[PDB]
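I have placed the structure first, in the form of structure tokens, so that the comments after it can refer back to it.
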Amino acid sequence: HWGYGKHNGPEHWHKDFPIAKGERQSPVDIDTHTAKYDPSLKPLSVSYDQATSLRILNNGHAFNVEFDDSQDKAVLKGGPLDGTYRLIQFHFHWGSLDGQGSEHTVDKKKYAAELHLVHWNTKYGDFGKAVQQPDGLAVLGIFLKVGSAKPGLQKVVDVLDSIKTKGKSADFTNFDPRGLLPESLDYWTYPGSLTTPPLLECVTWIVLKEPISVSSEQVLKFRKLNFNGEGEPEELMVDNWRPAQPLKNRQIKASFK
Ligand SMILES: O=C(O)CN1C(=O)c2ccccc2S1(=O)=O
Ligand SMILES: [Zn+2]
């Protein structure tokens, strides 16, 4: 099946998922000199005080910190969004080197990693139905640069030893995702897609302008995970990012001047 290697990577995905060459694919390069400030965009509303994390899973492509999305406990609203979107999970995409790893780029700059907090539109009832709609998901993307450690990320880094391989999961309760946010909520937004198969064009992307900083030791631990399952040849989980796709007929809007 699909992956990130030379024979099953992003350049091959279109054979099984033709929408890979679609009109609103993600990620994209964010050209800061052409994004337009939109004074009508509202401040984002991130309400994570009642967030309930449950588990962390290595799914063979990344690791997902899953939340209870059976109630409106952790929701995203406002910004370019109409309605309420519930947090279902967050994960990261990262590189083999600090100079690459993010999916979105800013003026062609690649960050060491990118965090995606995935939310689905409650008007569709469940994640599976939401991904079949143009406004089904809202993903909050946050860039990671290497420098000072991010205290709020350490609990995630420390549990990785227990989910080293594909299919492994571990209890991960009481994790506060607010500890992964930068100070500012200024953002860019554009209509896009899932960045891994099925690549459905169901995402309102909201990418924060301010990166968070993580330490080299923290990212190094992400690179010790495995794409493979236990007992299989070790293939380090690194460079699990899709490169920038054609913007085509889309405009990226900025919430700030
Ligand atoms: O990478 C992303 O932020 C968005 N996602 C995807 O691209 C994707 C693909 C398959 C299943 C689930 C997901 S997702 O919602 O996590
Ligand atoms: Zn992602």
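Residue numbers start at 1 in each chain; chains themselves are named A, B, ... in the order of the structure tokens; ligands are numbered from 1 in the order shown.
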Open item on the list: Please find the residues contacting ligand 2 at a distance of at most 8 Å between atoms, with only C-alpha atoms and all ligand atoms counted, and report them as a list in words.
Closed with: residues 90, 91, 92, 93, 114, 115, 116, 117, 118, 194, 195 and 196 of chain A
Open item on the list: Applying 7 Å and only C-alpha atoms, which residues near residue 206 in chain A remain after dropping the ones on its own chain fewer than 6 positions away? List them as a list in words.
Closed with: residues 139, 140, 141, 187, 188 and 189 of chain A
Write the residues of the selection above to a file with C-alpha atoms, as a PDB file, in the first residue's frame.
ATOM      1  CA  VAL A 139      -7.410  21.333  10.650  1.00  0.00           C
ATOM      2  CA  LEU A 140      -5.328  23.708  12.736  1.00  0.00           C
ATOM      3  CA  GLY A 141      -1.719  23.514  11.505  1.00  0.00           C
ATOM      4  CA  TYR A 187      -3.473  32.572  10.871  1.00  0.00           C
ATOM      5  CA  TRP A 188      -3.688  31.960   7.134  1.00  0.00           C
ATOM      6  CA  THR A 189      -6.645  29.963   5.800  1.00  0.00           C
TER       7      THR A 189
END
Open item on the list: as a PyMOL selection string, please: the residues near residue 121 in chain A (cut-off 6 Å, only C-alpha atoms, same-chain neighbours under 4 positions excluded).
Closed with: chain A and resi 84-85+136-137
Task: Nearest-residue call for residue 14 in chain A, choices A:171, A:220, A:179, A:2, using only C-alpha atoms - done: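 Of the candidates, the smallest distance to residue 14 in chain A is held by A:2.
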Per residue of range 66-177 of chain A within 12 Å of range 19-25 of chain A, which atom pair is closest and at what distance in Å (one decimal), using only C-alpha atoms, listed by chain and increasing number, as CSV?
residue,atom,partner,partner_atom,distance
A:103,CA,A:25,CA,11.7
A:104,CA,A:25,CA,11.4
A:134,CA,A:24,CA,10.1
Could you turn the residues from that selection into a file that holds N, CA and C atoms, as a PDB file, in the first residue's frame?
ATOM      1  N   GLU A 103       4.604  20.117   6.038  1.00  0.00           N
ATOM      2  CA  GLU A 103       3.852  19.905   4.804  1.00  0.00           C
ATOM      3  C   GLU A 103       3.645  21.269   4.159  1.00  0.00           C
ATOM      4  N   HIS A 104       3.022  22.187   4.882  1.00  0.00           N
ATOM      5  CA  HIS A 104       2.923  23.530   4.360  1.00  0.00           C
ATOM      6  C   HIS A 104       4.279  24.167   4.449  1.00  0.00           C
ATOM      7  N   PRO A 134     -17.364  19.140   1.615  1.00  0.00           N
ATOM      8  CA  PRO A 134     -16.373  20.186   1.372  1.00  0.00           C
ATOM      9  C   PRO A 134     -16.000  20.972   2.617  1.00  0.00           C
TER      10      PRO A 134
END
Test item: residues at most 8 Å from range 174-177 of chain A, only C-alpha atoms, excluding those fewer than 5 positions along its chain, as a PDB file with N, CA, C and O atoms, in the first residue's frame:
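Written out: out-v6.pdb:
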ATOM      1  N   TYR A  48     -10.466  24.297  24.428  1.00  0.00           N
ATOM      2  CA  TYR A  48      -9.955  22.985  24.817  1.00  0.00           C
ATOM      3  C   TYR A  48      -9.929  22.704  26.321  1.00  0.00           C
ATOM      4  O   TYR A  48      -9.333  21.707  26.750  1.00  0.00           O
ATOM      5  N   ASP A  49     -10.566  23.550  27.126  1.00  0.00           N
ATOM      6  CA  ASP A  49     -10.536  23.338  28.575  1.00  0.00           C
ATOM      7  C   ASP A  49     -11.096  21.992  29.028  1.00  0.00           C
ATOM      8  O   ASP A  49     -10.607  21.412  29.997  1.00  0.00           O
ATOM      9  N   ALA A  51     -11.114  19.249  27.131  1.00  0.00           N
ATOM     10  CA  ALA A  51     -10.570  18.211  26.265  1.00  0.00           C
ATOM     11  C   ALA A  51     -10.319  16.934  27.056  1.00  0.00           C
ATOM     12  O   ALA A  51      -9.860  16.979  28.223  1.00  0.00           O
ATOM     13  N   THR A  52     -10.622  15.798  26.439  1.00  0.00           N
ATOM     14  CA  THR A  52     -10.403  14.501  27.071  1.00  0.00           C
ATOM     15  C   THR A  52      -9.588  13.597  26.170  1.00  0.00           C
ATOM     16  O   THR A  52     -10.142  12.940  25.283  1.00  0.00           O
ATOM     17  N   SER A  53      -8.275  13.570  26.380  1.00  0.00           N
ATOM     18  CA  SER A  53      -7.432  12.699  25.572  1.00  0.00           C
ATOM     19  C   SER A  53      -7.617  11.279  26.079  1.00  0.00           C
ATOM     20  O   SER A  53      -7.910  11.053  27.257  1.00  0.00           O
ATOM     21  N   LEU A  54      -7.469  10.323  25.183  1.00  0.00           N
ATOM     22  CA  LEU A  54      -7.640   8.936  25.567  1.00  0.00           C
ATOM     23  C   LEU A  54      -6.505   7.994  25.296  1.00  0.00           C
ATOM     24  O   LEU A  54      -6.151   7.157  26.137  1.00  0.00           O
ATOM     25  N   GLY A 152       5.089  21.579  27.096  1.00  0.00           N
ATOM     26  CA  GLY A 152       3.837  20.865  26.912  1.00  0.00           C
ATOM     27  C   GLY A 152       3.881  19.675  25.984  1.00  0.00           C
ATOM     28  O   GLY A 152       2.936  18.873  25.940  1.00  0.00           O
ATOM     29  N   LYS A 155       5.276  15.248  27.549  1.00  0.00           N
ATOM     30  CA  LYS A 155       4.552  14.028  27.880  1.00  0.00           C
ATOM     31  C   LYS A 155       4.338  13.152  26.632  1.00  0.00           C
ATOM     32  O   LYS A 155       4.284  11.927  26.712  1.00  0.00           O
TER      33      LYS A 155
END
TODO: For residue 157 in chain A, list every protein, DNA or RNA residue within 8 Å, evaluated using only C-alpha atoms, and leave out those in the same chain fewer than 6 positions away; present the list as a list in words.
DONE: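 Near residue 157 in chain A, the qualifying residues are residues 218, 221 and 222 of chain A.
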Would you write out those residues with C-alpha atoms, as an mmCIF file, in the first residue's frame?
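Output below, filename selection-v9.cif:
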data_model
loop_
_atom_site.group_PDB
_atom_site.id
_atom_site.type_symbol
_atom_site.label_atom_id
_atom_site.label_comp_id
_atom_site.auth_asym_id
_atom_site.auth_seq_id
_atom_site.Cartn_x
_atom_site.Cartn_y
_atom_site.Cartn_z
ATOM 1 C CA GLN A 218 12.276 16.258 21.329
ATOM 2 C CA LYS A 221 12.689 11.118 19.612
ATOM 3 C CA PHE A 222 10.009 11.426 16.923
#
Task: Nearest to residue 178 in chain A, chosen from A:17, A:163, A:239, A:47, with only C-alpha atoms counted in the distances - done: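 Going through A:17, A:163, A:239, A:47 one by one, the smallest distance to residue 178 in chain A is for A:47.
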Task: Atomic separation - CA of residue 127 in chain A relative to CA of residue 210 in chain A, Å - done: 28.0 Å
Task: Counting only C-alpha atoms and all ligand atoms, the option among A:201, A:16, A:29, A:98 closest to ligand 1 - done: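 Of the candidates, the smallest distance to ligand 1 is held by A:201.
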TODO: Write out as a ChimeraX atom specification all residues of range 31-144 of chain A that backbone DSSP assigns to strand (DSSP E or B).
DONE: /A:36-37,44-47,53-58,63-67,75-78,85-94,105-106,109,113-121,137-144
TODO: Counting only C-alpha atoms and all ligand atoms, figure out which residue out of A:82, A:235, A:66, A:186 gets nearest to ligand 1.
DONE: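 The shortest atom-to-atom distance to ligand 1 comes from A:66.
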- [ ] Using only C-alpha atoms and all ligand atoms, find the one residue out of A:253, A:150, A:119, A:166 that sits nearest to ligand 1.
- [x]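 Among the listed residues, the smallest separation from ligand 1 belongs to A:119.
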TODO: Could you please determine the separation between CA of residue 62 in chain A and CA of residue 250 in chain A in Å, to one decimal place?
DONE: 28.1 Å
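Within 12 Å of residue 122 in chain A there are residues 69, 70, 71, 72, 73, 74, 75, 76, 77, 82, 83, 84, 85, 86, 87, 88, 127, 128, 129, 130, 131, 133, 135, 136, 137 and 138 of chain A, counting only C-alpha atoms and ignoring same-chain residues fewer than 5 positions away.
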Please, could you write that set of residues out with N, CA, C and O atoms as an mmCIF file, in the first residue's frame?
data_model
loop_
_atom_site.group_PDB
_atom_site.id
_atom_site.type_symbol
_atom_site.label_atom_id
_atom_site.label_comp_id
_atom_site.auth_asym_id
_atom_site.auth_seq_id
_atom_site.Cartn_x
_atom_site.Cartn_y
_atom_site.Cartn_z
ATOM 1 N N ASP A 69 -14.479 12.459 21.208
ATOM 2 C CA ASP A 69 -15.211 13.415 20.383
ATOM 3 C C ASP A 69 -16.686 13.028 20.355
ATOM 4 O O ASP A 69 -17.397 13.306 19.383
ATOM 5 N N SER A 70 -17.138 12.377 21.426
ATOM 6 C CA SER A 70 -18.545 11.971 21.518
ATOM 7 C C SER A 70 -19.392 13.085 22.118
ATOM 8 O O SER A 70 -20.609 12.920 22.254
ATOM 9 N N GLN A 71 -18.755 14.205 22.483
ATOM 10 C CA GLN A 71 -19.430 15.388 23.037
ATOM 11 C C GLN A 71 -18.610 16.593 22.644
ATOM 12 O O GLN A 71 -17.470 16.442 22.251
ATOM 13 N N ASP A 72 -19.188 17.782 22.797
ATOM 14 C CA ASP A 72 -18.520 19.043 22.461
ATOM 15 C C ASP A 72 -17.519 19.469 23.555
ATOM 16 O O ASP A 72 -17.617 20.565 24.110
ATOM 17 N N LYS A 73 -16.535 18.627 23.827
ATOM 18 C CA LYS A 73 -15.540 18.905 24.872
ATOM 19 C C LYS A 73 -14.344 19.759 24.464
ATOM 20 O O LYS A 73 -13.776 20.511 25.272
ATOM 21 N N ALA A 74 -13.912 19.590 23.227
ATOM 22 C CA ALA A 74 -12.771 20.331 22.723
ATOM 23 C C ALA A 74 -13.193 20.756 21.328
ATOM 24 O O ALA A 74 -13.208 19.937 20.415
ATOM 25 N N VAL A 75 -13.534 22.027 21.163
ATOM 26 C CA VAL A 75 -13.989 22.468 19.854
ATOM 27 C C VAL A 75 -13.318 23.695 19.297
ATOM 28 O O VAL A 75 -12.788 24.553 20.022
ATOM 29 N N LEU A 76 -13.349 23.772 17.973
ATOM 30 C CA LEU A 76 -12.783 24.890 17.242
ATOM 31 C C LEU A 76 -13.956 25.577 16.537
ATOM 32 O O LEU A 76 -14.815 24.913 15.944
ATOM 33 N N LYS A 77 -14.014 26.899 16.626
ATOM 34 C CA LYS A 77 -15.064 27.649 15.959
ATOM 35 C C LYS A 77 -14.538 29.034 15.617
ATOM 36 O O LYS A 77 -13.374 29.361 15.904
ATOM 37 N N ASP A 82 -18.004 28.264 9.954
ATOM 38 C CA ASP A 82 -19.396 28.448 10.319
ATOM 39 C C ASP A 82 -19.631 27.181 11.147
ATOM 40 O O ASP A 82 -19.169 26.092 10.784
ATOM 41 N N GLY A 83 -20.306 27.288 12.276
ATOM 42 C CA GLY A 83 -20.519 26.079 13.040
ATOM 43 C C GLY A 83 -19.414 25.655 14.008
ATOM 44 O O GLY A 83 -18.433 26.365 14.242
ATOM 45 N N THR A 84 -19.570 24.443 14.519
ATOM 46 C CA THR A 84 -18.707 23.898 15.540
ATOM 47 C C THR A 84 -17.964 22.675 15.058
ATOM 48 O O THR A 84 -18.567 21.784 14.471
ATOM 49 N N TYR A 85 -16.657 22.639 15.308
ATOM 50 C CA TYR A 85 -15.861 21.481 14.904
ATOM 51 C C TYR A 85 -15.227 20.812 16.126
ATOM 52 O O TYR A 85 -14.563 21.468 16.924
ATOM 53 N N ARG A 86 -15.429 19.510 16.281
ATOM 54 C CA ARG A 86 -14.898 18.773 17.450
ATOM 55 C C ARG A 86 -13.524 18.172 17.198
ATOM 56 O O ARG A 86 -13.309 17.540 16.169
ATOM 57 N N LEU A 87 -12.626 18.322 18.172
ATOM 58 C CA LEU A 87 -11.290 17.757 18.065
ATOM 59 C C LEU A 87 -11.372 16.233 18.146
ATOM 60 O O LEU A 87 -11.935 15.681 19.103
ATOM 61 N N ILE A 88 -10.810 15.542 17.167
ATOM 62 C CA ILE A 88 -10.816 14.076 17.192
ATOM 63 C C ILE A 88 -9.405 13.542 17.490
ATOM 64 O O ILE A 88 -9.250 12.561 18.238
ATOM 65 N N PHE A 127 -16.904 11.644 12.008
ATOM 66 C CA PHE A 127 -15.754 11.911 11.144
ATOM 67 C C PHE A 127 -15.891 11.306 9.754
ATOM 68 O O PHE A 127 -15.580 11.956 8.742
ATOM 69 N N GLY A 128 -16.359 10.062 9.701
ATOM 70 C CA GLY A 128 -16.507 9.400 8.420
ATOM 71 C C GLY A 128 -17.442 10.117 7.457
ATOM 72 O O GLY A 128 -17.212 10.137 6.254
ATOM 73 N N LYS A 129 -18.523 10.679 7.979
ATOM 74 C CA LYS A 129 -19.445 11.403 7.120
ATOM 75 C C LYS A 129 -18.867 12.781 6.795
ATOM 76 O O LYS A 129 -19.033 13.291 5.701
ATOM 77 N N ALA A 130 -18.171 13.375 7.763
ATOM 78 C CA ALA A 130 -17.616 14.702 7.536
ATOM 79 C C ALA A 130 -16.589 14.732 6.408
ATOM 80 O O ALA A 130 -16.545 15.700 5.627
ATOM 81 N N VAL A 131 -15.768 13.694 6.279
ATOM 82 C CA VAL A 131 -14.743 13.764 5.234
ATOM 83 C C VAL A 131 -15.330 13.692 3.829
ATOM 84 O O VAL A 131 -14.634 13.930 2.852
ATOM 85 N N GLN A 133 -17.643 15.733 2.877
ATOM 86 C CA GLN A 133 -18.200 17.079 2.648
ATOM 87 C C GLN A 133 -17.112 18.128 2.465
ATOM 88 O O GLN A 133 -16.058 18.057 3.096
ATOM 89 N N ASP A 135 -16.917 21.074 3.571
ATOM 90 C CA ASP A 135 -16.625 21.822 4.808
ATOM 91 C C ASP A 135 -16.698 20.848 5.982
ATOM 92 O O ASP A 135 -17.142 21.200 7.078
ATOM 93 N N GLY A 136 -16.237 19.620 5.748
ATOM 94 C CA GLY A 136 -16.308 18.610 6.795
ATOM 95 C C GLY A 136 -15.287 18.686 7.901
ATOM 96 O O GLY A 136 -15.589 18.346 9.032
ATOM 97 N N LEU A 137 -14.080 19.140 7.587
ATOM 98 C CA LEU A 137 -13.025 19.196 8.596
ATOM 99 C C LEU A 137 -12.414 20.575 8.705
ATOM 100 O O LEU A 137 -12.451 21.363 7.761
ATOM 101 N N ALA A 138 -11.847 20.849 9.881
ATOM 102 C CA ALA A 138 -11.095 22.087 10.089
ATOM 103 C C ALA A 138 -9.810 21.566 10.726
ATOM 104 O O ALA A 138 -9.858 20.916 11.782
#
- [ ] Calculate how many Å separate CA of residue 111 in chain A from CA of residue 243 in chain A, rounding to one decimal.
- [x] 12.1 Å
Task: Contact residues around range 167-169 of chain A with only C-alpha atoms at 8 Å, ignoring same-chain residues under 6 positions, as a list in words - done: residues 55, 56, 57, 58, 59, 60 and 229 of chain A
Open item on the list: Considering only C-alpha atoms and all ligand atoms, can you say which of A:207, A:97, A:159, A:44 comes closest to ligand 1?
Closed with: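 Answer, going by the shortest atom-to-atom distance: A:207.
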